[PDB]
Amino acid sequence: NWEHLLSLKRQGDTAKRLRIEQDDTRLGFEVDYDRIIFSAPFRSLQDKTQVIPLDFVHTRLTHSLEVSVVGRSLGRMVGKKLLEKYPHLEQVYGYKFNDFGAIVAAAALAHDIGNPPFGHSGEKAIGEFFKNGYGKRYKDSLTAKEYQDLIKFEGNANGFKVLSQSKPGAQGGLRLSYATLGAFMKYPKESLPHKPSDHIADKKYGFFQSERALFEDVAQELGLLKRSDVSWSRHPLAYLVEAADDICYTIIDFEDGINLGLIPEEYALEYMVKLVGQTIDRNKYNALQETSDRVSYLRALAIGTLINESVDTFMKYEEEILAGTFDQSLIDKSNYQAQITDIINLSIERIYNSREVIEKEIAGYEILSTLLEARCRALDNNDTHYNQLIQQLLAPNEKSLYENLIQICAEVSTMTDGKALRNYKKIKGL
Amino acid sequence: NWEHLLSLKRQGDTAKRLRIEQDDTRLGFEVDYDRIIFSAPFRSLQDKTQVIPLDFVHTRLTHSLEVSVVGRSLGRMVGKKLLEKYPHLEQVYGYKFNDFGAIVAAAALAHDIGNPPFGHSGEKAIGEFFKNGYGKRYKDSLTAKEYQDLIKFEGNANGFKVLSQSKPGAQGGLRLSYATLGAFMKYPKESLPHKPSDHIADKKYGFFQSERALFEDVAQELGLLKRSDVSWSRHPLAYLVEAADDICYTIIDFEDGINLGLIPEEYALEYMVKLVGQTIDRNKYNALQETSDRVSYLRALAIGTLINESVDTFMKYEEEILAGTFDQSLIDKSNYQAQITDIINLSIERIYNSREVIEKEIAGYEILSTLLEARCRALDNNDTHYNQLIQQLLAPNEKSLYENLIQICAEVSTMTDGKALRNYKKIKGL
Amino acid sequence: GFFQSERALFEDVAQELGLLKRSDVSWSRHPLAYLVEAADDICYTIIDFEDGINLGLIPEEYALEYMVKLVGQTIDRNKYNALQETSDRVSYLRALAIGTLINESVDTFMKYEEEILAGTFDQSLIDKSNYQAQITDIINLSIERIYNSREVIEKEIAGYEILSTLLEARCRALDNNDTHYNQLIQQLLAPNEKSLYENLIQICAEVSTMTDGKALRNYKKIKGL
Ligand SMILES: Nc1ncnc2c1ncn2[C@H]1C[C@H](O)[C@@H](COP(=O)(O)OP(=O)(O)OP(=O)(O)O)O1
Ligand SMILES: Nc1ncnc2c1ncn2[C@H]1C[C@H](O)[C@@H](COP(=O)(O)OP(=O)(O)OP(=O)(O)O)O1
Ligand SMILES: Nc1ncnc2c1ncn2[C@H]1C[C@H](O)[C@@H](COP(=O)(O)OP(=O)(O)OP(=O)(O)O)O1
Ligand SMILES: Nc1ncnc2c1ncn2[C@H]1C[C@H](O)[C@@H](COP(=O)(O)OP(=O)(O)OP(=O)(O)O)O1
Ligand SMILES: Nc1ncnc2c1ncn2[C@H]1C[C@H](O)[C@@H](COP(=O)(O)OP(=O)(O)OP(=O)(O)O)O1
Ligand SMILES: [Mg+2]
Ligand SMILES: [Mg+2]
Ligand SMILES: [Mg+2]
């Protein structure tokens, strides 16, 4: 039922928080966007890696801004078509098509807020620290599920924890709406069992053990269908966010590789022909001189056509998605797949395998390793003077072993690229 | 008349572009936001100075994002109250309160897009280059007005030029709506005469001589009242943007100075008492432990109360503002002024006069000086091999002397802090 | 080819060798100078091409397309295809082009022996060879993408500035050898009685003697950096 997925209540509330008893000046979903914009974890995203660590190449903030726009455009179309399909939503409860767009934009904006620095290599380094490092010492003292988290550290779970972190005086963290939290969650399941099927929603997990109760409350309120260990079904707005995010990195990474000197414009024109086919003006395209304008022009046309195709695909499978039987994404069920696959393969071949990227990944790999081992050694025995010095420097701000480790991981994931590099250099006296 | 200020036509159009003949999925003012988000000058803002050149301190992008939100909140309230006052706007033309919010947000987002690097010192360096530098050689070859621009380089005129820059194949630049352009312009006058009165709209100028025709067309379409040399009256949405922008830097700069170690929390609590008076919960305030949460909490309350007071002040003087007789801003006509003045004075005393800020300003001062003299020497005589080398390096991409100089200034203003520093170091072999 | 301070030495060399007088003094080229010029020409044209090919500024498609007639009747396709890395193939092509150009240059020199010895030959040996369009295309591509790279321009500008300051400092030191700073510069730059023209030419020769790294270090440590 759509009347239950669009929940407006927040943590610690006791009233009903009806839609028809609210001012349209500042909607509850818009307050979530305002809170995320002014947050400190969001502001720290300006110094984090998209593809090339450490210019005119995108970072983690612009990426989010772009996704926040595309997903808003997708969700607004989707909400308009649902209201067209379902008339009782706009007659009894009082919903409008802007609500879906606001929800998807709010979910899209903070969808990459808990990722560790140095991009893809940071999570692998954190996971390998507890497997082939000193962290293996803690294997015997933890249960199977907790050890699974630690050895398979995820950005989605860290983002959810950042969004819903309780502190003395601030209960619930940012205190976002339950609809936004439901749309933000992509893998509504625990860390075990590991990949029990080929479904799209069970490849990874979405929350730690310390946040099981909060997500259980969110799921119970939203009405997500139980599947099994606890596991639920995906929110359709999560599908929209995923599709928007997918279109963005695929196109933006392609064009970024094209301008930086690693891919020729011949591939740009050849691989993007059917996407920009019945939307282009050849006179305007030929009138341009610089390659950047042409690439932007193509990028602009591909994004529009992919947005329209994704909306059509979502409206095709509405009953299956709402029933929880849909086992794939929206991009993979689109007509244009060979070109997308070719673009992804070319980016993997020539962008992700460049020498500078590998060097920076190795450096981040080493830096995170030493930082984690230093934090663990400081935590272990808080007796020596050096350990006290490390505690005063790294973490100057009573809990069990599993919470202590997860807080260390979260603190490491909070630092930016430049801050981590400076800390690594000045802990070594360099 | 409000039916004429909310113009939807764009440069090069020939139809009417009526409001009642458009899809509500993607409004014309929302397309402006989408275009500005994906633009390259907007993406270059992530590397530009707010207060402290070259962390958790704001840059030029976050500042814009914050203003884009506050001004959107102000404009949406203002549009709701106008429609309440004027019923024929929503009955014949078909306008909604979201239109004003979208227009103000689009204007707010690109309001600081053409500012030179290194913040306040860059414009002063550019102006002094043509007065006490080599640029004085060009004084005799230019008219009074053109020389005035150059010696009084402005960020608003550069931003307007960036927004409305015509290129082969792309006529009109981003091609924004005329309402957004009108709301973006803060000083609708030429560079001469210099400060003819004490009005708020004639302290500086807003456009160069090369963009006089475009702004004349925009003004003629919008319906701005003629005042005089050409000069017009301010758009009320420009007042809203100005108030939003004012509240943001005053509060965000204050809190940034508070966390960086230059201002004690005693001033934070003492100077912010009446702003957060009848909106605070003492139990929640005392429950917090870290100073950052308390400062954010106060910042959150001050922004809300200032937003409400600014909306009330704008609605108080609607006839005077629309008639063009209003000679002040909206913040200066508010009850809370002594606290704002004290905060500004403290920031001037201890934030803007720090040793690091002065050192960075001097460095930027020197770097821009050498870059401008090198560009001028390269432009002058394009005969020697070194000059050709400089032309190939700095500007690798037929016009008169005044356009050549303004393009050089725009190109210098395009570079970021890090890019300019690297270019200065590697032109010197360092 | 020579300064005014070495006119007598070259006059003696020319008188002994027997070079034909043409005019101000001027003589005719030695044929061995033609051979040296041709050898030097073939080397930079081929070595610069291959160096641009390995550094990441030129695709192997141009390497194979522009070098087809040079390596035509000297190549073994089985051996060429058996190679895997691009460096071996480029070396292999470079090896074949150098040999064929050497043979063609020798043939061209032996064609015009009387004209060269009589001093009426007005061109080089490479420009009088059958393979010229490919050479011109290679040179144009190298000019377009190797000599116009950003790093090359930046380094040229840096060298441009460094030599300028070094020359002005040396001239200021030479001019008035009275002040303490001038004596310091003389002791540093040139620690080892002549007219104005010889003094300047010796300064130029001393500047031309320094290497890239030595000049950069001297420029940095004269500025206190
Ligand atoms: N429908 C869309 N919704 C959201 N973002 C979009 C959409 N289409 C494109 N984008 C992205 C990529 C575009 O370069 C940019 C601005 O869109 P827009 O100006 O409407 O497209 P465009 O450059 O193709 O214009 P036009 O309508 O003249 O073809 O935002
Ligand atoms: N192997 C790789 N090496 C480097 N960068 C990569 C690699 N794979 C992907 N990326 C980059 C491309 C994108 O710009 C960026 C963001 O993608 P990301 O969100 O991490 O992927 P995803 O969609 O598989 O993640 P998830 O399912 O965890 O949400 O990651
Ligand atoms: N009315 C407003 N419109 C836009 N931005 C606002 C507004 N009020 C505050 N802001 C800014 C500063 C706030 O810290 C942030 C989020 O606002 P919001 O969460 O509504 O305020 P708050 O923290 O005071 O909450 P509360 O309603 O519980 O008092 O955005
Ligand atoms: N003297 C100063 N030195 C350093 N920073 C300053 C100074 N004055 C103001 N700032 C900073 C504070 C703000 O964070 C930042 C942005 O203000 P800015 O937009 O330049 O001012 P303004 O409102 O006077 O400009 P304008 O009228 O040209 O639009 O400038
Ligand atoms: N005739 C030559 N005289 C001098 N140097 C030469 C000559 N031919 C080629 N070179 C250069 C480029 C060659 O890679 C390198 C070694 O020559 P060489 O081994 O005889 O040629 P090659 O690799 O073509 O062998 P092969 O005789 O098997 O074809 O010296
Ligand atoms: Mg993403
Ligand atoms: Mg501003
Ligand atoms: Mg040589």
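Residues numbered from 1 in each chain as written, not as in the entry; some residues may be left out. Chains lettered and ligands numbered in written order. Part of a larger assembly, values for the part shown. Heavy atoms only, no water. Residues with missing side-chain atoms left out of burial classes, pairs and counts.

Enquirer: Break down the packing of aromatic side chains for me, with residues and values.
Expert: Considering the side-chain rings of A:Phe215 and A:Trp232, the 5.0 Å spacing of their centres and the 75 degrees angle between planes classify their relative orientation as edge-to-face. Centroid distance B:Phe160 to B:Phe215: 6.2 Å. Interplanar angle 75 degrees. Geometry classified as edge-to-face. Taken as a pair, B:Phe160 in helix α8 (residues 155-163) and B:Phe215 in helix α10 (residues 212-222) lie far apart in primary sequence, 55 residues in all. Taken together, the ring pairs connect A:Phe160, A:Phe207, A:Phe215 and A:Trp232 into an aromatic cluster. The side chain of A:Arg72 reaches across the aromatic face of A:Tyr33, ending 5.3 Å from its centre. (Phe/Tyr/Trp six-rings, centres within 6.5 Å; stacked < 30°, edge-to-face > 60°. Helix = DSSP H or I, 4+ residues; strand = E, 2+ residues; numbered from the N terminus. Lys NZ or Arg CZ within 6 Å of the ring centre and 35° of its normal.)

Enquirer: Give me the pattern of salt bridges: which residues, what numbers.
Expert: A salt bridge links B:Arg10 to B:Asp32, with the shortest nitrogen-to-oxygen separation between them at 3.2 Å. One end of the pair, B:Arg10, is in the loop between α1 (2-5) and α2 (28-38); the other, B:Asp32, is in helix α2, with 22 residues separating them in the sequence. Between C:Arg29 and C:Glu37 there is a salt bridge, with the nearest N and O atoms lying 2.7 Å from each other. Salt bridges sharing partners connect three or more residues here, namely A:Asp13, A:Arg17 and A:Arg175. (Salt bridge = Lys/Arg side-chain N within 4 Å of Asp/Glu carboxyl O.)

Enquirer: Report on the side chain of B:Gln46, specifying residues and quantitative values.
Expert: Its location among the elements puts B:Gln46 in the loop between α3 (40-43) and α4 (60-85). Reaching out from B:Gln46, the side chain makes a polar contact with the side chain of A:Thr59 at a distance of 3.3 Å. When neighbours within four sequence positions are excluded, B:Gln46 is seen to be in contact with A:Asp55, A:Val57, A:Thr59, A:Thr62, B:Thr59 and B:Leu61. (Polar contact = N/O pair within 3.5 Å; in protein donor to acceptor, adjacent residues only side chain to side chain. Contact = heavy atoms within 4.5 Å.)

Enquirer: Let's hear about the interface of chain B and chain C: which residues, and what values?
Expert: Contacts between chain B and chain C engage eleven residues on the former and twelve residues on the latter. Only α18 (385-394) and α20 (417-427) of chain B provide two or more residues apiece to the side of chain B that touches chain C. It is α18(B) that provides the largest number of residues to the side of chain B that touches chain C, a total of six residues. Class assignment of the residues belonging to the side of chain B that touches chain C gives a composition of six nonpolar, three polar and two charged. (Nonpolar A, V, L, I, M, F, W, Y, C, P; charged D, E, K, R; others polar.)

Enquirer: Describe the relation of the copies chain B and chain A, with residues and values.
Expert: For the pair chain B and chain A, the superposition axis carries a translation of 0.0 Å, the fit reaches an RMSD of 0.0 Å, and the rotation angle comes to 180 degrees. A rotation of that kind, with that shift, is consistent with a two-fold axis. Relative to the rotation axis, the C-alpha of B:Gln46 is the closest in chain B, positioned 3.8 Å from it. Here 100% of the interface residues in chain B have copies in chain A that are interface residues too; the copies meet face to matching face. (Least-squares fit on C-alpha atoms.)

Enquirer: Hey, could you go over the interface of chain B and chain A for me, with residue numbers and the actual values?
Expert: At the junction of the two partners, chain B supplies 35 residues and chain A supplies 35 residues. The set of elements that each furnish at least two residues to the side of chain B that touches chain A consists of α2, α4, α13 (282-287) and α14 (291-316) of chain B. Looking at the side of chain B that touches chain A element by element, the count peaks at nine residues for α4(B). In terms of residue class, the side of chain B that touches chain A is made up of 15 nonpolar, seven polar and 13 charged.

Enquirer: Account for the arrangement of the chains, naming residues and giving values.
Expert: The chain pair with the greatest number of contacts, out of two pairs of chains in contact, is formed by chains A and B. For chain A and chain C, which are not in contact, the least C-alpha distance works out to 10 Å.

Enquirer: Can you break down unusual backbone geometry residue by residue, with the values?
Expert: Residue A:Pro193 is reached from A:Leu192 by a cis peptide bond, and omega for that bond is 0 degrees. With respect to the helices and strands, A:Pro193 occurs in the loop between α9 (178-184) and α10 (212-222). The phi dihedral of A:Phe118 falls on the positive side, at around 65 degrees, and the residue is not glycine. Of note, B:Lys195 is a non-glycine position whose phi angle comes to about 55 degrees, a positive value. Looking at the secondary structure, you find B:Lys195 in the loop between α9 (178-184) and α10.

Enquirer: An account of the UniProt feature "binding site: dATP 2" (unreviewed entry) in chain A is needed here, citing residue identities and associated values.
Expert: Residue and element names in this part refer to chain A. UniProt feature "binding site: dATP 2" (unreviewed entry): in the numbering of this structure it lies at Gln-50, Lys-186, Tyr-187, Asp-253 and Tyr-352. Positionally, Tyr-187 belongs in the loop between α9 and α10. Ignoring anything within four residues of it in the chain, the contact list for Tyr-187 reads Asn-156, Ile-200, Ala-201, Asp-202, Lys-204, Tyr-205, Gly-206 and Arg-234. Structurally, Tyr-352 is set in the loop between α16 (338-350) and α17 (355-380). (UniProt positions renumbered as here; feature names shortened; annotations may be inferred.)

Enquirer: Lay out the UniProt feature "binding site: dATP 1" (unreviewed entry) in chain A with the relevant residues and their values.
Expert: Residues and elements named next belong to chain A. Per the UniProt record, "binding site: dATP 1" (unreviewed entry) is annotated on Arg-26, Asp-34, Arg-35, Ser-73 and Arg-299. Locating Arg-26 in the fold gives a position in the loop between α1 (2-5) and α2 (28-38). Apart from residues no more than four positions distant in its own chain, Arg-26 is found in contact with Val-31 and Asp-34. At a separation of 3.3 Å, a polar atom in the side chain of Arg-26 contacts the side chain of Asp-34. When you line up the elements, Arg-299 lands in helix α14 (residues 291-316). Within the structure, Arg-299 has its side chain in polar contact with the side chain of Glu-255 (distance 2.9 Å).

Enquirer: Any details on the side chain of A:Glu190? Residues and values, ideally.
Expert: Residues and elements named next belong to chain A. With respect to the helices, strands and loops of the structure, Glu-190 is situated in the loop between α9 and α10. Here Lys-145 takes part through its side chain, which lies 3.4 Å from a polar atom of the side chain of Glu-190. If near-sequence neighbours (up to four positions away) are discounted, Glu-190 is found in contact with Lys-145, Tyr-205, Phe-207, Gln-209, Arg-212, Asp-229 and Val-230.

Enquirer: Describe the packing of α4(B) against α14(B), naming the residues involved and giving the relevant values.
Expert: When two helices pack together, their arrangement is given by the angle between the helix axes and by the axis-to-axis distance. Residues and elements named next belong to chain B. Close contact between α4 and α14 brings their axes to 10 Å; oriented N to C, the two are set at 35 degrees. As α4 runs across α14, the sense of the crossing is right-handed. Side by side, α4 and α14 meet where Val-70, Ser-73, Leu-74, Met-77, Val-78, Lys-81 and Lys-85 of the first sit next to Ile-303, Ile-307, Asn-308, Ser-310, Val-311, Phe-314 and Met-315 of the second. For the contact of α4 with α14, the residue count by class is nine nonpolar, three polar and two charged. (Axes fitted to C-alpha atoms, helices over the stretch in contact; angles between N-to-C directions. Left-handed = near helix turned anticlockwise from the far one by under 90°.)

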